[PDB]
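Engineer: Quick one: the structure is below, questions incoming.
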Amino acid sequence: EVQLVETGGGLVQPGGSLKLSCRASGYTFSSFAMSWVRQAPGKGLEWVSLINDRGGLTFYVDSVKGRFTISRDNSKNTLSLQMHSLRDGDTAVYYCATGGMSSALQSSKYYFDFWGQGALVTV
Amino acid sequence: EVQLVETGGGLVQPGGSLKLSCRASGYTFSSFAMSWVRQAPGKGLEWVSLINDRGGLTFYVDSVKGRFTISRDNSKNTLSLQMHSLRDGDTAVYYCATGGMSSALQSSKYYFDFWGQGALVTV
Amino acid sequence: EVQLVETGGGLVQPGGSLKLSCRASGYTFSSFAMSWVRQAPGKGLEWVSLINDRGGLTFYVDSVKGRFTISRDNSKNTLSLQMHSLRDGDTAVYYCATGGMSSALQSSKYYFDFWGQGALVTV
Amino acid sequence: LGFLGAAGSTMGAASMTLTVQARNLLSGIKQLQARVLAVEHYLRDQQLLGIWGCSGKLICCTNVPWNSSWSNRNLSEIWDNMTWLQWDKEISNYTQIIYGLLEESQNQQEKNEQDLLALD
Amino acid sequence: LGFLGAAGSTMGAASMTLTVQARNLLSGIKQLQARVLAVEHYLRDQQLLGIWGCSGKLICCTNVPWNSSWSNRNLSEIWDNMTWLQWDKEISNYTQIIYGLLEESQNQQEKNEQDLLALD
Amino acid sequence: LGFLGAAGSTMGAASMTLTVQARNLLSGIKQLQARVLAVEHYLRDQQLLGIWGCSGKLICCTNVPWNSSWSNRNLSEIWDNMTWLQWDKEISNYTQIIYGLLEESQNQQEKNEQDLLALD
Amino acid sequence: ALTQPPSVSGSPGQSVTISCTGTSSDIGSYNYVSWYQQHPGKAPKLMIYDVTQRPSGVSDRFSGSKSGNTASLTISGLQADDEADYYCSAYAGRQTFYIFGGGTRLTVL
Amino acid sequence: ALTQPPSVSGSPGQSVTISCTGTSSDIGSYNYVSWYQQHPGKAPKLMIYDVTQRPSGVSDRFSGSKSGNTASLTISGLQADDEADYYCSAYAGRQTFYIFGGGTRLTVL
Amino acid sequence: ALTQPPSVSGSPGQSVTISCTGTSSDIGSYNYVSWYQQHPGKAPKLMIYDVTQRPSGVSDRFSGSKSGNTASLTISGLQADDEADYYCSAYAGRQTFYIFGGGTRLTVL
Ligand SMILES: *[C@@H]1O[C@H](CO)[C@@H](O[C@@H]2O[C@H](CO)[C@@H](O)[C@H](O)[C@H]2NC(C)=O)[C@H](O)[C@H]1NC(C)=O
Ligand SMILES: *[C@@H]1O[C@H](CO)[C@@H](O[C@@H]2O[C@H](CO)[C@@H](O)[C@H](O)[C@H]2NC(C)=O)[C@H](O)[C@H]1NC(C)=O
Ligand SMILES: *[C@@H]1O[C@H](CO)[C@@H](O[C@@H]2O[C@H](CO)[C@@H](O)[C@H](O)[C@H]2NC(C)=O)[C@H](O)[C@H]1NC(C)=O
Ligand SMILES: *[C@@H]1O[C@H](CO)[C@@H](O)[C@H](O)[C@H]1NC(C)=O
Ligand SMILES: *[C@@H]1O[C@H](CO)[C@@H](O)[C@H](O)[C@H]1NC(C)=O
Ligand SMILES: *[C@@H]1O[C@H](CO)[C@@H](O)[C@H](O)[C@H]1NC(C)=O
Ligand SMILES: *[C@@H]1O[C@H](CO)[C@@H](O)[C@H](O)[C@H]1NC(C)=O
Ligand SMILES: *[C@@H]1O[C@H](CO)[C@@H](O)[C@H](O)[C@H]1NC(C)=O
Ligand SMILES: *[C@@H]1O[C@H](CO)[C@@H](O)[C@H](O)[C@H]1NC(C)=O
Ligand SMILES: *[C@@H]1O[C@H](CO)[C@@H](O)[C@H](O)[C@H]1NC(C)=O
Ligand SMILES: *[C@@H]1O[C@H](CO)[C@@H](O)[C@H](O)[C@H]1NC(C)=O
Ligand SMILES: *[C@@H]1O[C@H](CO)[C@@H](O)[C@H](O)[C@H]1NC(C)=O
Ligand SMILES: *[C@@H]1O[C@H](CO)[C@@H](O)[C@H](O)[C@H]1NC(C)=O
Ligand SMILES: *[C@@H]1O[C@H](CO)[C@@H](O)[C@H](O)[C@H]1NC(C)=O
Ligand SMILES: *[C@@H]1O[C@H](CO)[C@@H](O)[C@H](O)[C@H]1NC(C)=O
């Protein structure tokens with residue numbers, strides 16, 4: 001039983017900003033690394049960002065590297081993504097997912113196990 | 001009262017070499033990082049090189065990186081620049097200036113405070 | 001008297017693999033770094049790979065960097081090169097040569113002292 | 001927690017209290033001998049750890065692969081289902097082997113580093 | 001100069017004589033006890049530096065920001081106009097706080113390095 | 001081989017047994033004093049080595065050039081045709097000079113690193 | 001990008017295979033090539049991970065493999081219930097981290 | 001380079017501004033954007049440093065600011081004496097160290 | 001590659017020089033520019049190493065030098081026996097390790 005639920009999103013004019021978030025339940029939040037995966041209208045899937053479980057290591061796809069911030073709060077069981085300087089090419093559904101890298105003590109995955117339904121961002 | 005006075009320069013044919021120097025007074029020489037800035041007849045200002053106060057760390061702009069040497073002498077209150085393999089594109093007035101990086105204990109500047117009048121280099 | 005004798009080689013179709021080897025005598029095998037040099041039919045000499053004397057450090061030319069393995073066996077007095085994913089541009093005579101880098105205690109060379117006669121590789 | 005507070009917990013949780021344990025290792029003839037011995041013991045562990053290529057670190061890792069003969073017990077389901085006291089017995093007959101390997105695959109690294117730095 | 005010669009100089013100037021001071025820290029029961037204690041004291045400082053992630057260094061900086069509540073006195077005001085003996089009183093009530101922060105913002109680093117090395 | 005087994009061999013060959021020697025340096029009043037002194041001696045060598053910028057390394061190189069006046073008897077001449085016991089006499093009068101240079105061309109490095117880390 | 005765009009189809013009860021061609025180092029060197037099942041308007045689900053593993057809840061109908069720098073997903077007793085888009089993805093080696101392929105739609109009839 | 005080439009002008013006694021447009025990370029991330037006054041044939045002098053500071057000897061006639069990835073210099077009680085070329089510059093973030101802009105000329109009349 | 005494209009020739013008993021022009025940093029910074037003698041069907045042999053050294057077995061007939069970013073090989077009392085292809089090579093500074101020049105054929109007559 002995994003419950004990844006996205007919120008936020010909506011229409012932002014080019015050059016603007018927004019913040020997406022995902023609340024999670026069922027699974028211990030603090031035990032998993034998380035990512036955001038983008039579904040552009042006609043592209044299907046693109047990896048955007050990855051954060052480890054302690055919230056200290058972040059990785060980005062080069063295309064958002066100077067613009068986006070990924071963050072976790074283990075007391076709130078919340079994942080979030082702060083987007084800045086939005087462009088038309090960023091219109092997509094943004095999915096909350098668990099998986100990717102791990103702790104070095106736990107058979108790292110390098111795949112995504114669970115997905116939310118996705119927030120829609122229109123620029 | 002700052003006294004930065006450039007010398008050297010002159011006309012040297014392409015592929016040749018020259019040395020510029022700047023003598024300084026008024027301010028404790030050993031307390032400041034120094035740099036050379038190029039003023040081409042149509043460019044106004046181009047940064048060329050930076051040296052720290054102890055004379056141990058030097059930085060160069062890519063265009064002279066394999067050709068120029070910057071050095072200091074704290075006993076002589078002298079800054080100097082050795083140019084090699086001169087090209088026509090290096091014709092400019094070269095200014096002696098104090099500023100840029102600092103010691104990590106002293107409110108680093110990242111701007112230039114004092115300027116000399118400049119030596120003229122024609123290739 | 002140096003005895004560097006190459007074997008292996010032959011005609012392999014593109015995408016295939018082969019292994020070359022060089023047996024050696026006269027000189028203490030374990031005292032020298034060794035390399036492979038390519039003689040394409042029209043290029044004469046191209047450096048391909050270098051292995052140090054203990055067989056722990058290897059270096060490659062970019063063109064084979066993701067494809068070739070250089071290896072050493074000091075009990076057998078054998079140098080070898082495992083080629084993979086062969087392409088038409090790899091057709092050449094491959095020479096066993098002694099020289100290149102050294103041990104940091106022994107007058108580094110950076111030149112080749114001895115050559116074998118070369119195995120012929122046709123893709 | 002405090003000193004040895006994590007002794008009854010899993011290796012995973014216990015790995016986060018290494019600082020606590022380390023600080024409690026280091027501070028009439030028989031009393032003086034005990035103090036001198038504690039210092040010699042401390043220094044031998046530091047020397048050993050330094051030889052292995054692991055100096056000012058509480059956690060470090062190397063190029064010696066884990067052999068399956070050395071009590072191969074999964075990873076994730078054991079690391080977080082076992083205490084250090086238990087682990088210590090699971091591999092007590094292999095620590096000399098492991099220590100020897102840790103030194104060999106260090107001396108090799110020092111030589112390789114020295115040679116690489118000699119390339120002009 | 002020599003040992004403690006820079007004691008009356010400013011912090012900036014005195015930071016250049018650290019080697020001199022460090023070398024003067026190392027070399028019938030009452031006298032023997034004094035020697036054993038000098039060793040235990042020395043080792044505690046070395047252990048502490050190692051824990052903070054600063055081992056074979058006389059000068060090292062970290063990721064702990066300076067809190068202005070810890071006696072903010074500008075920057076040049078300290079380095080070019082104060083001696084280390086005065087600085088020692090200016091922040092004497094904050095050294096335990098600072099040390100705790102220095103240890104914590106090391107353990108965070110060791111774990112992050114361990115995880116990064118696990119990526120292929 | 002074993003402890004000092006390489007003593008009669010060449011400098012080059014003997015450089016491969018440093019671990020063996022290192023492990024044998026470190027483990028009623030007269031005997032207790034001897035133990036305390038052995039510890040102080042050990043620590044002085046470790047401190048000195050650390051000052052030079054060489055911490056946990058058994059082999060480390062630096063930025064001090066070799067002077068030709070310091071018995072510069074070629075290179076292969078000493079690594080392949082000389083033992084460490086002979087080398088120790090060939091340069092016995094220069095070790096204090098060399099050590100002073102090693103300390104100096106470290107303090108300069110630390111200052112350069114501190115400044116580079118201050119650039120944004 | 002991993003490549004697998006042509007449409008794919010087959011008769012119910014027959015097997016079908018969906019390929020995934022990589023480049024060199026991505027699926028050649030890393031055995032981290034998962035597959036996802038995407039319904040038109042729903043979040044995707046994991047089908048295959050590593051190279052040959054499946055999570056609980058995924059039947060034996062789905063299996064796969066890898067050779068050289070090409071991976072594939074095989075569906076055996078093909079159902080109309082398998083009409084979904086399929087995507088392969090793989091670990092890139094820490095510089096780009098993950099690469100998704102250009103996926104494809106499976107039609108059953 | 002930073003961009004600010006159009007000529008700038010205005011009536012004596014009136015304010016006038018000079019822009020300085022950067023790219024992104026250069027002046028967006030570093031608050032080190034100084035300005036210099038260049039008389040035609042004399043060495044330049046510092047007018048503004050950091051973002052809003054002026055050195056002693058510079059009057060309050062000169063002030064400036066920054067927003068987004070664009071900086072600006074403001075001249076208030078504009079004098080005939082201000083006819084000089086003006087340049088903005090910025091810290092580059094340690095790769096190129098300093099960037100100078102393509103400066104411009106101020107006319108007062 | 002290093003540059004030395006012309007064929008080379010001279011009369012018996014007269015000197016001849018084979019140039020080898022580099023780029024800049026390769027042979028300007030390093031003193032490791034060896035030369036090899038290649039017979040048409042035999043493995044090559046070392047003639048010159050570093051800049052001016054020769055291995056035992058090579059006579060004084062072969063010598064050379066370097067200036068700026070250009071190296072050269074000179075053959076003095078030139079013989080018919082010297083009719084071989086010649087190559088220069090140089091150390092690249094750990095990135096490519098070695099650079100070979102195209103060779104040249106020597107004719108003596
Ligand atoms: C893991 O350890 C085992 C022994 O515990 C190693 O296997 C031995 O290797 C020696 C080498 O000649 C053989 O003589 C023994 O008979 C082997 N024993 C067994 C039980 O196989 C094994 O090679 C080690 N594996 C690795 C990867 O180092
Ligand atoms: C700097 O230190 C002060 C205390 O010396 C910190 O301020 C305190 O933060 C705690 C957090 O729960 C509050 O409860 C206290 O009331 C705060 N004290 C005061 C006087 O406000 C301060 O946060 C530290 N600054 C930083 C950047 O960490
Ligand atoms: C190598 O050592 C020699 C001495 O052994 C150094 O030369 C001396 O330098 C001092 C400097 O004031 C002179 O007064 C001495 O007369 C010099 N001695 C000789 C014999 O010339 C030399 O500088 C050292 N070289 C390097 C590179 O440090
Ligand atoms: C003791 O075991 C219980 C079992 O769940 C566990 O929750 C508890 O944290 C353990 N205590 C320690 C110190 O780990
Ligand atoms: C071994 O590790 C795997 C990793 O998922 C786990 O599923 C399995 O149960 C473990 N086996 C044990 C503990 O026997
Ligand atoms: C490991 O799991 C078993 C399962 O019941 C449990 O009893 C045991 O206490 C666990 N071990 C630890 C160290 O918690
Ligand atoms: C160590 O060897 C003894 C020999 O009897 C054996 O009983 C014990 O279980 C061994 N320990 C391990 C960790 O295998
Ligand atoms: C002592 O104070 C005077 C004040 O001018 C200063 O010049 C001198 O250098 C100081 N002494 C030391 C050791 O710093
Ligand atoms: C505090 O720092 C500022 C930075 O410009 C400096 O101007 C001021 O004089 C300093 N205060 C003291 C007491 O030096
Ligand atoms: C700092 O400056 C004040 C100014 O009066 C002076 O009295 C004081 O002695 C100076 N401190 C040091 C350490 O020189
Ligand atoms: C430390 O606390 C005492 C308590 O009275 C106070 O007087 C003293 O000034 C404090 N020291 C610092 C550095 O604030
Ligand atoms: C002693 O000298 C002989 C001379 O050849 C040498 O072979 C032998 O190895 C030397 N002994 C050692 C320990 O190296
Ligand atoms: C230095 O060592 C080399 C090694 O072959 C030797 O040839 C040379 O003659 C030695 N130098 C002198 C001056 O003998
Ligand atoms: C050096 O070479 C001579 C040559 O006879 C030999 O006798 C001597 O023992 C060698 N030195 C060492 C340390 O082996
Ligand atoms: C050291 O000095 C003494 C003084 O007589 C001299 O005999 C000896 O040879 C010197 N040692 C070296 C290594 O020069």
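Here, A, B, ... name the chains of the structure tokens in the order displayed, residue numbers run from 1 inside each chain, and ligands are numbered from 1 in the same displayed order.
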Within 10 Å of chain E, which residues of chain G show up? Give each one with its shortest atom-to-atom distance in Å (one decimal) and the two atoms involved, counting only C-alpha atoms, rows by chain then rising residue number, as a tab-separated table.
Structural biologist:
```
residue	atom	partner	partner_atom	distance
G:29	CA	E:120	CA	9.8
G:30	CA	E:120	CA	8.2
G:91	CA	E:120	CA	8.8
G:92	CA	E:120	CA	8.9
G:93	CA	E:120	CA	5.7
G:94	CA	E:120	CA	6.6
G:97	CA	E:119	CA	9.6
```
Engineer: Write out as a PyMOL selection string each polymer residue (protein, DNA or RNA) that has an atom no more than 9 Å from ligand 13, with only C-alpha atoms and all ligand atoms counted.
Structural biologist: (chain C and resi 106-107) or (chain F and resi 73-77)
Engineer: So that I have them on file, write out the residues from the current selection with N, CA, C and O atoms, as a PDB file, in the first residue's frame.
Structural biologist:
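Just written: selection28.pdb:
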```pdb
ATOM      1  N   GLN C 106      63.464   5.379 -11.473  1.00  0.00           N
ATOM      2  CA  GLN C 106      64.404   4.970 -12.494  1.00  0.00           C
ATOM      3  C   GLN C 106      64.457   5.695 -13.830  1.00  0.00           C
ATOM      4  O   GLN C 106      64.156   5.080 -14.848  1.00  0.00           O
ATOM      5  N   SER C 107      64.883   6.946 -13.849  1.00  0.00           N
ATOM      6  CA  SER C 107      65.142   7.644 -15.106  1.00  0.00           C
ATOM      7  C   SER C 107      64.061   7.528 -16.154  1.00  0.00           C
ATOM      8  O   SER C 107      64.250   6.862 -17.170  1.00  0.00           O
TER       9      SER C 107
ATOM     10  N   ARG F  73      74.056  11.618  -5.937  1.00  0.00           N
ATOM     11  CA  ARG F  73      74.771  10.569  -6.609  1.00  0.00           C
ATOM     12  C   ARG F  73      73.916   9.918  -7.655  1.00  0.00           C
ATOM     13  O   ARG F  73      73.662   8.735  -7.539  1.00  0.00           O
ATOM     14  N   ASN F  74      73.500  10.629  -8.683  1.00  0.00           N
ATOM     15  CA  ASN F  74      72.664   9.991  -9.698  1.00  0.00           C
ATOM     16  C   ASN F  74      71.363   9.495  -9.088  1.00  0.00           C
ATOM     17  O   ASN F  74      71.077   9.772  -7.927  1.00  0.00           O
ATOM     18  N   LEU F  75      70.544   8.788  -9.882  1.00  0.00           N
ATOM     19  CA  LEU F  75      69.313   8.235  -9.321  1.00  0.00           C
ATOM     20  C   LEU F  75      69.339   6.708  -9.203  1.00  0.00           C
ATOM     21  O   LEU F  75      69.134   6.164  -8.114  1.00  0.00           O
ATOM     22  N   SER F  76      69.650   5.985 -10.292  1.00  0.00           N
ATOM     23  CA  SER F  76      69.626   4.515 -10.227  1.00  0.00           C
ATOM     24  C   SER F  76      70.739   4.011  -9.338  1.00  0.00           C
ATOM     25  O   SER F  76      70.614   3.013  -8.630  1.00  0.00           O
ATOM     26  N   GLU F  77      71.765   4.815  -9.226  1.00  0.00           N
ATOM     27  CA  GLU F  77      72.894   4.543  -8.372  1.00  0.00           C
ATOM     28  C   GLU F  77      72.458   4.345  -6.939  1.00  0.00           C
ATOM     29  O   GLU F  77      73.083   3.577  -6.217  1.00  0.00           O
TER      30      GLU F  77
END
```
Engineer: What's around residue 70 in chain D at 9 Å? Count only C-alpha atoms, leave out sequence neighbours fewer than 4 positions away in its own chain, and write the answer as a ChimeraX atom specification.
Structural biologist: /D:66,90-91,93-94
Engineer: Residues near residue 19 in chain F, anyone? I mean within 10 Å using only C-alpha atoms, not counting same-chain ones fewer than 6 positions away, as a list in words.
Structural biologist: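 The neighbour list is residues 48, 51, 52, 103, 104 and 107 of chain D; 3 and 58 of chain F.
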Engineer: Could you save those same residues with C-alpha atoms as a CSV table (one decimal), in the first residue's frame?
Structural biologist:
```
chain,number,residue,atom,x,y,z
D,48,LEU,CA,46.6,-0.2,12.0
D,51,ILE,CA,48.3,1.5,7.5
D,52,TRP,CA,45.1,0.4,5.8
D,103,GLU,CA,47.2,-3.9,4.1
D,104,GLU,CA,48.1,-5.5,0.8
D,107,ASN,CA,50.6,-0.8,-0.4
F,3,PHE,CA,61.3,-7.3,10.6
F,58,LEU,CA,54.0,5.5,4.4
```
Engineer: Per DSSP on the backbone, what are the helix (DSSP H, G or I) residues of chain H, as a PDB file with N, CA and C atoms, in the first residue's frame?
Structural biologist:
```
ATOM      1  N   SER H  25      23.812  33.314 -14.001  1.00  0.00           N
ATOM      2  CA  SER H  25      24.579  33.016 -12.814  1.00  0.00           C
ATOM      3  C   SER H  25      25.663  34.021 -12.493  1.00  0.00           C
ATOM      4  N   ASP H  26      26.105  34.838 -13.442  1.00  0.00           N
ATOM      5  CA  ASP H  26      27.168  35.750 -13.112  1.00  0.00           C
ATOM      6  C   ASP H  26      26.677  36.868 -12.214  1.00  0.00           C
ATOM      7  N   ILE H  27      25.671  37.608 -12.634  1.00  0.00           N
ATOM      8  CA  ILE H  27      25.276  38.653 -11.714  1.00  0.00           C
ATOM      9  C   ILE H  27      24.043  38.248 -10.947  1.00  0.00           C
ATOM     10  N   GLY H  28      23.390  37.155 -11.326  1.00  0.00           N
ATOM     11  CA  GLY H  28      22.300  36.670 -10.529  1.00  0.00           C
ATOM     12  C   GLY H  28      22.840  36.110  -9.210  1.00  0.00           C
ATOM     13  N   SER H  29      23.974  35.367  -9.248  1.00  0.00           N
ATOM     14  CA  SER H  29      24.496  34.756  -8.034  1.00  0.00           C
ATOM     15  C   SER H  29      25.548  35.557  -7.287  1.00  0.00           C
ATOM     16  N   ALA H  80      27.632  68.395 -15.920  1.00  0.00           N
ATOM     17  CA  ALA H  80      28.399  68.348 -17.170  1.00  0.00           C
ATOM     18  C   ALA H  80      29.668  67.523 -16.965  1.00  0.00           C
ATOM     19  N   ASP H  81      30.176  67.561 -15.747  1.00  0.00           N
ATOM     20  CA  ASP H  81      31.380  66.878 -15.321  1.00  0.00           C
ATOM     21  C   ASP H  81      31.252  65.355 -15.358  1.00  0.00           C
ATOM     22  N   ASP H  82      30.046  64.838 -15.555  1.00  0.00           N
ATOM     23  CA  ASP H  82      29.825  63.410 -15.580  1.00  0.00           C
ATOM     24  C   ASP H  82      29.994  62.841 -16.984  1.00  0.00           C
TER      25      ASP H  82
END
```
Engineer: Please, which residues have at least one atom within 9 Å of an atom of ligand 14, using only C-alpha atoms and all ligand atoms, listed as number ranges by chain?
Structural biologist: F: 8-11, 77-84, 86
Engineer: Find the nearest atom pair between each residue of chain I and chain C for residues within 8 Å, count only C-alpha atoms, give distances in Å to one decimal, sort rows by chain and ascending number, and present the table as a tab-separated table.
Structural biologist:
```
residue	atom	partner	partner_atom	distance
I:32	CA	C:110	CA	6.4
I:33	CA	C:111	CA	8.0
I:34	CA	C:111	CA	6.3
I:42	CA	C:117	CA	6.7
I:43	CA	C:117	CA	5.1
I:44	CA	C:115	CA	6.8
I:45	CA	C:115	CA	7.0
I:46	CA	C:113	CA	6.1
I:49	CA	C:111	CA	6.6
I:50	CA	C:111	CA	7.6
I:91	CA	C:110	CA	6.5
I:96	CA	C:61	CA	6.0
I:97	CA	C:61	CA	7.9
I:98	CA	C:47	CA	6.3
I:99	CA	C:47	CA	7.2
I:100	CA	C:45	CA	6.3
I:101	CA	C:45	CA	7.8
I:102	CA	C:43	CA	6.7
I:103	CA	C:44	CA	7.0
```
